[PDB]
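Below is one structure; the comments refer to it alone.
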Amino acid sequence: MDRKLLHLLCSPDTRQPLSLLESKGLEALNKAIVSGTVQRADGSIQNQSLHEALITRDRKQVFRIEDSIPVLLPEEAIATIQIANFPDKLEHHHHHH
């Protein structure tokens, strides 16, 4: 354990194993959309609610799925830290990748 000596620590958060968003989380995104607090990477609000979505292992960001294609576009990525309805997972998220 050298966290304080590690003056340069960074993880591939943009290349960690993507998963499918839980239902209780999914409704939280849509709730936040209708609430008008879901701002995409650009900072603009999202109005189109979704039925499928991808979630980071850290549960920090969400990606959009449309038609059938997982939309991995940065501008289509939502930050859960902005989702005032997002339910906590009580897990210590650790990924060496």
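The way I read the labels, and the way they are meant: chains A, B, ... in the order of the structure tokens, residue 1 as the first residue of every chain, and ligand 1 as the first ligand shown, with later ones counted on from there.
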
Apply DSSP to the structure's backbone, then extract all residues of chain A labelled helix (DSSP H, G or I) and return them as a VMD selection string.
chain A and resid 23 to 35 74 to 76 80 to 82

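For stretch 2-83 of chain A, the set of residues given strand (DSSP E or B) by DSSP on the backbone reads residues 19, 20, 39, 45, 52, 53, 54, 55, 61, 62, 63, 64, 65, 66, 69, 70, 71, 77, 78 and 79 of chain A.
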
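Proximity ranking of A:80, A:85, A:68, A:56 relative to residue A:19 places A:56 first, based on only C-alpha atoms.
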
Neighbour list for stretch 58-62 of chain A as a ChimeraX atom specification, cut-off 6 Å, only C-alpha atoms, skip fewer than 3 positions in-chain:
/A:54-55,77-80,93

Write a file of the just-selected residues containing C-alpha atoms, as an mmCIF file, in the first residue's frame.
data_model
loop_
_atom_site.group_PDB
_atom_site.id
_atom_site.type_symbol
_atom_site.label_atom_id
_atom_site.label_comp_id
_atom_site.auth_asym_id
_atom_site.auth_seq_id
_atom_site.Cartn_x
_atom_site.Cartn_y
_atom_site.Cartn_z
ATOM 1 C CA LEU A 54 -24.510 0.094 -20.672
ATOM 2 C CA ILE A 55 -22.821 0.702 -17.295
ATOM 3 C CA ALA A 77 -22.368 8.910 -22.297
ATOM 4 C CA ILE A 78 -24.235 9.958 -19.117
ATOM 5 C CA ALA A 79 -22.513 10.706 -15.764
ATOM 6 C CA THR A 80 -24.236 8.941 -12.811
ATOM 7 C CA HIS A 93 -15.255 -0.812 -7.085
#

For a quick check of understanding, using only C-alpha atoms, which of A:27, A:22, A:2, A:67 has the smallest distance to residue A:49?
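Ranked by minimum distance to residue A:49, first place goes to A:27.
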
Among listed residues A:87, A:76, A:96, A:5, nearest residue A:43 (using only C-alpha atoms)
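Checking each candidate against residue A:43, we get A:76 as the closest.
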
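With only C-alpha atoms as the atoms that count, the residue of A:26, A:53, A:10, A:45 with the shortest distance to residue A:75 is A:45.
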
Closest to residue A:13 among A:97, A:92, A:81, A:66, using only C-alpha atoms?
A:97

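Residue nearest residue A:82, chosen from A:29, A:21, A:69, A:50 and counting only C-alpha atoms: A:29.
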
In Å, rounded to a single decimal, give me how far atom CA of residue A:51 is from atom CA of residue A:18.
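Going from atom CA of residue A:18 over to atom CA of residue A:51 covers 16.6 Å.
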
Distance atom CA of residue A:11-atom CA of residue A:89, one decimal place?
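Straight-line distance from atom CA of residue A:11 to atom CA of residue A:89 works out to 20.3 Å.
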
What separation in Å, quoted to one decimal, exists between atom CA of residue A:16 and atom CA of residue A:47?
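Calculated distance between atom CA of residue A:16 and atom CA of residue A:47 is 27.3 Å.
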